[PDB]
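This report concerns only the one structure given below.
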Amino acid sequence: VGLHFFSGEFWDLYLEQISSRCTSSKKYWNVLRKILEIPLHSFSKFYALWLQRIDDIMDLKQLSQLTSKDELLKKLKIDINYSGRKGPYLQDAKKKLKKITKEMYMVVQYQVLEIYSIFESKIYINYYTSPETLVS
Amino acid sequence: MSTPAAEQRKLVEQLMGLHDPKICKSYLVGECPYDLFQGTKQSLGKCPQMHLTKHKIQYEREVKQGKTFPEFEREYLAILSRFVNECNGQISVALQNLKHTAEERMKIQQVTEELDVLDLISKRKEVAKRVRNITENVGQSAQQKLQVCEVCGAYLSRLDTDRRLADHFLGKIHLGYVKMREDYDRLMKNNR
Amino acid sequence: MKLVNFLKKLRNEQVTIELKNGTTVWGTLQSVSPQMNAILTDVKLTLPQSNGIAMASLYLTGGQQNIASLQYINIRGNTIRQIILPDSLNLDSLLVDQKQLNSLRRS
Amino acid sequence: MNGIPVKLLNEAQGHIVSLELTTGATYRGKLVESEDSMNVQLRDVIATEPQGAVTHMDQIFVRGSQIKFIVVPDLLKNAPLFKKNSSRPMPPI
Amino acid sequence: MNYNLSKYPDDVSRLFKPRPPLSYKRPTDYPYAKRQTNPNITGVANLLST
Amino acid sequence: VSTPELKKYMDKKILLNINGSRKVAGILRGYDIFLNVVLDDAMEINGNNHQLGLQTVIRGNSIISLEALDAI
Amino acid sequence: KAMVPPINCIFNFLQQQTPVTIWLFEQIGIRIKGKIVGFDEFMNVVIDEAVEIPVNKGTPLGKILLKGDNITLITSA
Amino acid sequence: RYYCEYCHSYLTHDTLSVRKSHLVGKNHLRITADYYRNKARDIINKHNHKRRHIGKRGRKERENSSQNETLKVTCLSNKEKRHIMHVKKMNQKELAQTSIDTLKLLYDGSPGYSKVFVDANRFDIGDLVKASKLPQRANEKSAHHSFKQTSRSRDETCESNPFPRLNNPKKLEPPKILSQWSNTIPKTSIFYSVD
Amino acid sequence: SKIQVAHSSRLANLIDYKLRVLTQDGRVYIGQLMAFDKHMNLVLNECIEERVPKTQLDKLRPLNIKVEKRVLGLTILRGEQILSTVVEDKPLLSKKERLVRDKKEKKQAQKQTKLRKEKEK
Amino acid sequence: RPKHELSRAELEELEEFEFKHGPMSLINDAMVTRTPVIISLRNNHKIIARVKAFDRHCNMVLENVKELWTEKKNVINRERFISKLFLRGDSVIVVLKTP
RNA sequence: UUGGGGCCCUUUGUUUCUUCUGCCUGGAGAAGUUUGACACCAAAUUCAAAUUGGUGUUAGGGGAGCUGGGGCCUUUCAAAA
RNA sequence: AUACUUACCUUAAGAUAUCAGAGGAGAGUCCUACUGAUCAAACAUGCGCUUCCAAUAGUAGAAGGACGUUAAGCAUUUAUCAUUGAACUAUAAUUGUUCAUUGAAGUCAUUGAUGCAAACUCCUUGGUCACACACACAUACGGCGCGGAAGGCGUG
RNA sequence: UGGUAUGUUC
């Protein structure tokens, strides 16, 4: 049922249970990275959690929590073990990850906006009334 | 006590003819007024007669099937009448204090100065002056806004809601005094 | 006339303690509460020839590698079954009971 | 007199706590009103017997001597009972 | 977990989201039905004889 | 020292558990500062049924907890 | 009705002199039947005409001062 | 004697009836809630950074790192970083306080809306709602609000409101978007929507 | 575990140490103490409760032992069903840093009393 | 008489009077006539030893302890000679004095 | 005062004592510091604003003066071989 | 914030280390900026003392875990009783075999539980420090650098 | 000789 359009409460509860039970801080990143590709109705809360968790990073070594190191070295041309002045290095990391998140946000925003403005803004009843009811 | 075993020993030592002055007759019948006002602000101190649970159980077993004693009931009636007379005197003193507060010198002077200026168009002006005098009297009465409790003789309020009033009625003083009024009314209904 | 004050005069005494669980504790005394909550240092404890609860209590204290060597153990009063003192100590001088002597002089 | 742990147990009234009994049954629920003798009352209680099964009581009241431990929430990590040098603002005469 | 009896506001209650429930496992000791000391302790008359 | 707060259990059916299984369901008539429980119309419940007289008093040492069987 | 404390409950149970079933500790312990004649603050209950029956052939016992730390439950048989 | 560590108020000999009434009064509630909020805010806001360990780096790492490039550091003034961190703090607290409430307003005309979603006829936690009403012993707290209660009882059946479209519903809320990335919305819609 | 616990310390001096307290069952609680009393009721921060199973007990009887660990967080344990307590791990900050922190707490408490005296006037 | 209402700081004299003329007549006779007693404990540890001191908690100091227990598997008796012992009154089942 | 070389800038609010200006072609400038000041939370007063209750910070290094203590050397007095 | 009403309560005590001697106060008790000894606390202080403090001449590793993955890894073990009907082994409250009506509770879990075993990844901690990439030792090792963390002993 | 909490008016 995890691909439901109005499943914001389910995924908020599941991320709450991961953030409360898990102590490794790895499964939360994985599930939220999965949510950043799913066309949900209440989706911008998960993007806001993603953007404030990128802001809540502490060092470069947590970038392996996002992806693998070879995908960072090939696609973003960035190394984890690059030692030196890591201030603007981490700032450029945040800017490039914010650009990738913004592009995927445009994709998911176009999908959700299309589904809402064409289809989901018309259906007013989503429940089982009775065998005697009438639907317009 | 600091240990509960000494408390249980105290309960045993106070739990374990019958017409003797040591037995409190108001407690032998039930609901002694020196017991219903033990630790409150209206406390009478300490009862000089002793209270016992075994004598109370024997009196309950006697009044269940055996017999009844009218002398202890008459003594409890006299004690309840004396306490009701003292509480009625306290309520009359509270009513006299409320009447003196409603009839103060400066308040009556301000009311007379407002009524001296209170005197079709003249009738409308007199009605407006009477409404202004009623508003001034309501503002003077709202400085305290303390009523008189009809049963327990305490102070109440009219603008106060029913929840704080219900918190007022559930006290030791009010429950004890309503029980004493019920006992006094029952004894006056039995005697008359 | 509590004999915990007798154990309060037994600082730096190298004793053993058999507990109610069955564990023998060899170590030096540091201090003892008046409620007989005794602390010990330079400790080795052993469960002799069984009680699986006592074996769990023996192993799950860190420092096993069934003699378990531990640096500092506090022992509660109700878990103490008996305590064996060294025979070289003179019991006639440590049991003088100066509080009892002052109580007898106050009479 | 009372001490710090009974004041901490009286501190977390109206919060989701988890008890364990001496038999092995673990309770979990909202603490109604704790006492100095630790005879504590819980509400919306979920219970786990030592046999293993899980049940639900509405309003439990356990005696203090049959309690292994109880878990308070983590925001009571920082409490003024834990302060060592908190002075006392003029106790009354 | 959603609606509470608590006198505290919702901003306090979001700070008072409690711990997850405890993972139960099988006990190790004997139950309180079996908790007792040793029976059949013999008399001390054999020590006074031999 | 302190009287336990059993005032809410005044006229409600409770179920005491005794020591691992003895579930005595009764009606609480009174208590003390020792958690000694007075029960009217007691009933032993086993996982069968057994009646325990009209009134009974139960020692607080064997009492572990009590379930409020009736709504408050 | 009202509140009945356990000390007054045992006191009324003493006055009425009903037949008494006194329970005790678990499987080692043995259920006793008798009639109460005296008690105290540590619940050391004195009973008379005592017949003991083990947990599921009773033997008479006489008069017994049963101590407090083993008393579990008191019923009126 | 008893001393409240929160309210900094003393007391007489320790009575349970006085101590129970002390934890109900509104001043103790305000001081306790503010103290818990400030201690939680302090343990969140305390940036316990790691103690840095700088070693004498290798030679070839120095010839590789000092020849690749030199990056540019961005930095802002005091009022700019203060305003940005204040906006980030209000965004973090409004994300910590919010929750998705689409299932409550999306099943509003359901026949079992008065048995689960009403949160007062609930079975397991409805007695907790019916127990502590905060009984408003002040008359001003009861005389302040003059709106309707709209308390939906459990006994509401399917006979009431048979057709959910004739009784005027609400159009559902649009999917909210981030205001910092609102400039990339498709400005041209697919279909013509009026009003 | 080469910690070298203090040779003349008591419960007032062992505070904020990562204890490894043993009970009658053997359910070992590991965590920092923050308070005690006369009955030795110990609050335990970030506590974990470890046991051994019944199947592991046969291997423990005369190597690796798979203990069962549950996480309790901040708990408050009673002094009745406990047997012994030891010191397992030292805390984070040192004795001099705790001394500077205690001096800062004393100065802050004196400043708070001066603020209460200023507000009382 | 209630314990809390007797007196202040004179309860030790009543405790000594109960020691001389109460149930403590056997622990007093063993420490003044140095006779060996047999204490049976709550875990089959029977102790033959002489009494050195008396306590309100029956905490007893024993000298020249000969203790004996029985392991039941099969049936063996294991004994041990301990010079000095401080026995807690919790473990004591019974104390027998020989004439 | 200038210039060169080496390291660090995670100080992630780019020094974190605070406020203001301001920064990677740089690492800065001005003011203040325990009956005070700074930042924040919560609220009813129907924007903002103002009032009340609390929370946390007021730091680190070096130098002149004073003082306590530890070790070595020198001068003088008393005592024992 | 002032003024007033109401609800509850109005307090277990004694003392602040021990021993010996001298003096004072009308056998017993109290005091001495009285004297000697022991012990405790605080602040300094030293013992060629005891333990620990992570490469950078590389892309590592020490301690504690994962409430992380491979992993539904491999090997084992359980997943309700009673009455009756059509046959029935049968000392049981027909237990055993196939099918069903009915009766009381009826942990979820069998991708479960226990044992065994390897690999990978990620978290918290440090002096990631000052000189040098060096020929010492039976009295087995020049512990004779600046410190920090824990502890022992000794002195004021 | 007092404390805690609550409700009105300025």
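Taking strands (runs of 3 or more DSSP E) as the structural unit, those lying wholly within chain J and holding at least 1 residues that are of a type in the set (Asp, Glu) correspond to J:60-72, J:75-87.
Among the listed residues H:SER77, H:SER65, identify the single one that is surrounded by 10 or more Cβ atoms within 10 Å (Cβ to Cβ) and small (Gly, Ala, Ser). Walk me through how you get there before you give the answer.
On the way: H:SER77 fails: surrounded by 10 or more Cβ atoms within 10 Å (Cβ to Cβ).
None of the others qualify; the one that does is H:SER65.
Over 25 Å from D:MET38 (Cβ atoms), more than 9 Å from RNA strand L (Cβ to nearest atom), more than 14 Å from chain D (Cβ to nearest Cβ) and of a type in the set (D, E, K, R): is that true of I:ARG61 in this structure?
Numbers: over 25 Å from D:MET38 (Cβ atoms): yes; more than 9 Å from RNA strand L (Cβ to nearest atom): yes; more than 14 Å from chain D (Cβ to nearest Cβ): yes; of a type in the set (D, E, K, R): yes.
When the stated conditions are applied, I:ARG61 passes them.
With the condition being among the hydrophobic types (A, V, I, L, M, F, W, C) and more than 30 Å from A:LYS94 (Cβ to Cβ), I'd like the helices (runs of 4 or more DSSP H) fully within the stretch H:13-80 carrying at least 1 qualifying residues. Reasoning before the result, please.
On the way: elements: H:16-22, H:26-45, H:59-68.
The helices (runs of 4 or more DSSP H) meeting that bar are H:16-22, H:26-45.
Restricting to the stretch B:7-44, and then to whatever is in a loop (DSSP other than H, G, I, E, B) and of a type in the set (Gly, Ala, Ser), can you tell me which residue is surrounded by the fewest Cβ atoms within 10 Å (Cβ to Cβ)?
If we filter the stretch B:7-44 for residues that are in a loop (DSSP other than H, G, I, E, B), which is where we start, we get B:16-22, B:24, B:30-44.
If we keep only those that are of a type in the set (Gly, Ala, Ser) too, we end up with B:17, B:30, B:39, B:43.
Details: B:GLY17: 3, B:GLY30: 14, B:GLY39: 7, B:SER43: 11.
Among those residues, the one meeting the criterion is B:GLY17.
Restricting the stretch C:61-78 to residues that are more than 10 Å from the chain's Cα centre (by Cα) and in a loop (DSSP other than H, G, I, E, B) leaves a set whose member that is farthest from C:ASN21 (Cα to Cα) is C:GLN65.
Sort out which residues of the stretch H:20-30 are at the interface with chain D (Cβ under 8 Å from one of its Cβ atoms) and within 19 Å of D:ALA79 (Cβ to Cβ), and write them in order of number. Spell out the reasoning first.
Residues of the stretch H:20-30 that are at the interface with chain D (Cβ under 8 Å from one of its Cβ atoms), as a first pass: H:20, H:23.
Listed by number, the list holds a single entry, H:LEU23.
In the stretch A:115-136, the residue that is surrounded by the most Cβ atoms within 10 Å (Cβ to Cβ) out of those that are of a type outside the set (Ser, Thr, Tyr) and more than 7 Å from chain H (Cβ to nearest Cβ) is A:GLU120.
The number of residues in the stretch H:1-47 being farther than 27 Å from H:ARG137 by Cα and either β-branched (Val, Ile, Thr) or away from RNA strand K (no atom under 11 Å from the Cβ) (or both) comes to 4. Looking across B:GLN90, B:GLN58, one residue alone is part of a helix (DSSP H, G or I), under 30 Å from B:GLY30 (Cα atoms) and within 14 Å of chain G (Cβ to nearest Cβ). It is B:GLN58.
Checked against (1) surrounded by 10 or more Cβ atoms within 10 Å (Cβ to Cβ); (2) more than 16 Å from RNA strand M (Cβ to nearest atom), B:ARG105 passes all but a single condition, namely (1). Go through the stretch B:121-160 and give me each residue that's surrounded by fewer than 11 Cβ atoms within 10 Å (Cβ to Cβ) and of a type in the set (D, E, K, R). Scanning the stretch B:121-160 gives B:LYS123, B:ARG124, B:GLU150, B:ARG158. Exactly one residue among J:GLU67, J:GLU5, J:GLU16 is acidic (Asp, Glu), crowded, with 16+ Cβ neighbours inside 10 Å and more than 16 Å from J:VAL95 (Cα to Cα), and that residue is J:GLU16. Checked against the criteria, H:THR150 counts as over 21 Å from the mean Cα position of the chain (by Cα), surrounded by fewer than 11 Cβ atoms within 10 Å (Cβ to Cβ) and on the phi > 0 side of the Ramachandran plot.
In the stretch H:22-42, of all residues being surrounded by 13 or more Cβ atoms within 10 Å (Cβ to Cβ) and within 16 Å of RNA strand L (Cβ to nearest atom), the one that is nearest to E:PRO9 (Cα to Cα) corresponds to H:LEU29.
Can you find even one residue in the stretch C:69-81 that is in contact with a helix residue (DSSP H, G or I) (Cβ under 6 Å, 6 or more places away or on another chain) and facing another protein chain (nearest Cβ under 7 Å)? Before you say what the answer is, go through the steps one by one.
Initially, the stretch C:69-81 is screened for residues in contact with a helix residue (DSSP H, G or I) (Cβ under 6 Å, 6 or more places away or on another chain), giving none.
Checking the stretch C:69-81: not a single residue is in contact with a helix residue (DSSP H, G or I) (Cβ under 6 Å, 6 or more places away or on another chain) and facing another protein chain (nearest Cβ under 7 Å).
Here H:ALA96 passes the criteria (1) within 8 Å of chain A (Cβ to nearest Cβ); (2) surrounded by 10 or more Cβ atoms within 10 Å (Cβ to Cβ); (3) in contact with a helix residue (DSSP H, G or I) (Cβ under 9 Å, 6 or more places away or on another chain) except the one numbered (1).
Could you count how many residues in the stretch J:1-36 are charged (D, E, K, R) and under 15 Å from the mean Cα position of the chain (by Cα)? The total comes to 2. Residues that are polar (S, T, N, Q) and more than 11 Å from chain D (Cβ to nearest Cβ) within the stretch E:7-50 comprise E:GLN36, E:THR37, E:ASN38, E:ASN40, E:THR42, E:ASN46, E:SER49, E:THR50, listed in sequence order.
Cβ atoms come from the backbone with ideal geometry, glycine included; neighbour counts cover every protein chain shown. Rule-based calculations on the coordinates, nothing more; no lab input.
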